[PDB]
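Below you'll find only one chain, the form deposited in one PDB entry, shown as structure tokens.
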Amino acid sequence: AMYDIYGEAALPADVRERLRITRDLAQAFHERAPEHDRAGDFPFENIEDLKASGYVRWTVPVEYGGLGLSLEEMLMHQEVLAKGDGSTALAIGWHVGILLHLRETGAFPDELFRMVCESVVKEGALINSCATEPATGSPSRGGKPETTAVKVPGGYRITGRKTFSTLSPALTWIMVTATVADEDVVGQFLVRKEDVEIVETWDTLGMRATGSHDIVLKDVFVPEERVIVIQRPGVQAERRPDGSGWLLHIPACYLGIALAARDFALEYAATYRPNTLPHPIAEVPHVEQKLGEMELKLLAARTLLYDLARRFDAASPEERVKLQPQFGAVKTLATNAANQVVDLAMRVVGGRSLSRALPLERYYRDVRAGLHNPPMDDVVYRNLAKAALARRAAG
């Protein structure tokens, strides 16, 4: 799984072939990353490659023409992709991740799930969840959206606005959360991309190519068949809970960006020799220590990541609920650790690291984003604490 350290020999034939694919895609995305980050535009060509490679249906079940891939293997590819370009990796990770979430949970009604899965496999349709609003902050904090959903003859009229709508230029389907006006309950709703207005607001420090714009919905119709859930008193969304394990795509992406940073600084340190030294800066003690620290951080966070993915794939829905606090833990570890690794990479390279002609400054910008995908650090510590308190109590 951590093949770059432990060798590819372990892996089976078909995984090795899949890995050649993602490594090629990553290398292409890398060549194209500078210009897209400079323009802050959306990389339609990267999405076309993902679609033609088949990647976009890798997590769709085998019963609908997908590959049914494990979470562990999906993370591996996401990490490879992010090492090429983080914006693209993170955008597509929402898609493949969400399909795995739906696959493992039965959160979608069977008819709706089958319909969505078809469009992915036969048309390359892409999906994402667009729930963030200014008024609520992170949906993970539990705020009722001001996006309102009003009951009409065929289904619901949705009116509102969502921010950070990743992948939106290339989306077919959008899951949108909204409060049902008259009843005071939250619902989730599957909207077609064609019925919303993208307002091109995304202009950011990093992850500039995710296309995470605003979407505006003005009286948008959702037919009853496309209503995902309405969370009334006494209802489960997920028929088989997954403990949000799919959200592990987040740490995998930000570690991938960190490995790119580490690789650049290692290459740079190995070859840069000022006229003050008889050897390259890789042999200077303080540089060596920073190099070694990067290594430790990556080792720890990645080992934890893949260990937890591997447990997720073997676990029952009850065991997956119990692992949720650890899934948060690895997110907080890996994203903070990713920031620190790029920081150190930059210190190794020095003043030259500020140069836009090298990719290292883009890594520093891109990696920042992981701090603000869910779950949040304070929530992660809290839930870790509460789970520890419950284990004591169970004794």
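For clarity, a rigid core is taken as the largest C-alpha set superposing within 1.5 Å between two forms. Residue positions are given as counts along the sequence shown, with the first one as 1.
From this point on, the text means the form deposited in another entry, which you will not see here.
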>> Does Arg114 shift between the shown form and the other one by 2 angstroms or more at the C-alpha, the core having been superposed?
In response: no
>> How about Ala300 - superposed on the rigid core, does its CA move between the shown form and the other one by 2 Å or more?
In response: no
> With both forms fit on the core, has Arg273 moved 2 Å or more by CA between the shown form and the other one?
Replying inline: yes
